[PDB]
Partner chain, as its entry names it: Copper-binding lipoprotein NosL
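Quick setup: one chain, the form deposited without its partner chain, written in structure tokens, and binding and motion questions come after.
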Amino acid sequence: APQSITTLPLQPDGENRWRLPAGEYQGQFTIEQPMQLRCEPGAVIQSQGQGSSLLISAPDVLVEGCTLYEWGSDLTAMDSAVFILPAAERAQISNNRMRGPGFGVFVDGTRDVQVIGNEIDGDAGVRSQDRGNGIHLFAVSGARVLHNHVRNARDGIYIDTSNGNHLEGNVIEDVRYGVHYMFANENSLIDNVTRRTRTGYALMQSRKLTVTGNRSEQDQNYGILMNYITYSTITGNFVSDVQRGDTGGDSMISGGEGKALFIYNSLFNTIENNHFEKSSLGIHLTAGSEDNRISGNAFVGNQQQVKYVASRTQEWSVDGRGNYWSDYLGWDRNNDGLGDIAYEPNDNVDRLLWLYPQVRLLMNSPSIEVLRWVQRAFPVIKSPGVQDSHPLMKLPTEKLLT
């Protein structure tokens, strides 16, 4: 395992700035001195398939313009492409191309690391169980990972116990999980795009974080999965066409019919102005996750809007303004934005289908069509559901489809 000084870098400027010329290289490399090295676009630093290719151990290293290829795959010995030590504070990893079967950007114990504008193509043949993480972050405070392009890794941008960091504008395509969160209290992520993914956004046990403006295009079985998130903020997310499928490993999630949002034991969080579009389930609300501000979203095109297997009432409108529902057959007499009648998304016969799947054979029966009318006429048999007084009449998310 050689070092970065064992190459031939031509210095453009004498402020610890280096520039590697065009031409291929071989083997692992190690940065031990604060060198702000750039690269020409023909600098294909190709490892042989073992070890961490570009290990960084010095603080304030502005790695720029490299092109890494074929590093290791030993996930137990954590063979990354860009290994960044805890002593390597304020590292900048700008505009890089990566192709290899392990970790793309593994950082741990770092502060103010910047992972900007990279293209991390993971794998093609591995079964999405040993591909390694795209941008792995392990307990970092201050990080700024912005506008990268992760493709075909394992669980996308994995984040474990990292406190304060932003994830702005990065596109994540054909991976297992889009963005994975593990105990990342007081986090933030803006405008990310996840495409064709077995879970678009994994939000597991991370509190107080801001999830804003993110996009989930044609993901599989879980649009935004939130497990045990408290005091969070879900404003402006666009989750579109969550088809059914399975993750293949069933480690932290299970297989789903396609849920644009799955709320599991998340007590307090503001879920406003979102757009859950054309999935099988618009939102799944578990029984333990109750009394949180869910107002202003757009539930359009979903085959079933809310799944709420409970008998507790759940008002879904804070400050008198509710959500837009596509199947809301209501009117608006006094010309404000709100509807006049409340909207119950679930019947009693719409929750017998969740309890007993054999009622799907009886779902076209006239007696069910009688029982849908008996609930609309006799509200004593109506179980207390997930209604919202004053639902919206028009789309509030006129900007999120762009």
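Positions refer to the first chain, counted from 1.
We do not show the form solved in complex with its partner chain, though everything after this point is about it.
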Checklist entry - Within a 4.5 Å heavy atom cut-off, is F262 in contact with its partner chain in the deposited bound form? => result yes
Checklist entry - Would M182 count as a contact of its partner chain in the deposited bound form, using a 4.5 angstroms cut-off between non-hydrogen atoms? => result yes
Checklist entry - At the 4.5 Å heavy atom threshold, is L189 in contact with its partner chain in the deposited bound form? => result no
Next on the checklist: Residue-level contact is defined here as any heavy atom of the residue lying within 4.5 Å of its partner chain in the deposited bound form; does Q92 satisfy this criterion?
Outcome noted: no
Checklist entry - With its partner chain left out of view, which of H275, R131, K307, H136 would have a heavy atom within 4.5 Å of it in the deposited bound form? => result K307
Checklist outcome for this item: Assert contact residue (its partner chain, in the deposited bound form, non-hydrogen atom within 4.5 Å, options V193, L85, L267, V300) equals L267
Checklist entry - Looking in the deposited bound form, is its partner chain within 4.5 Å of a heavy atom from each of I5, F29 and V150? => result no
Checklist entry - Can you pick the stretch from 279-287, 93-101, 106-114, 77-85 whose heavy atoms fall within 4.5 Å of its partner chain in the deposited bound form? => result 279-287
Checklist entry - From first to last in sequence, which residues of 153-172 have any non-hydrogen atom within 4.5 angstroms of its partner chain in the deposited bound form? => result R154
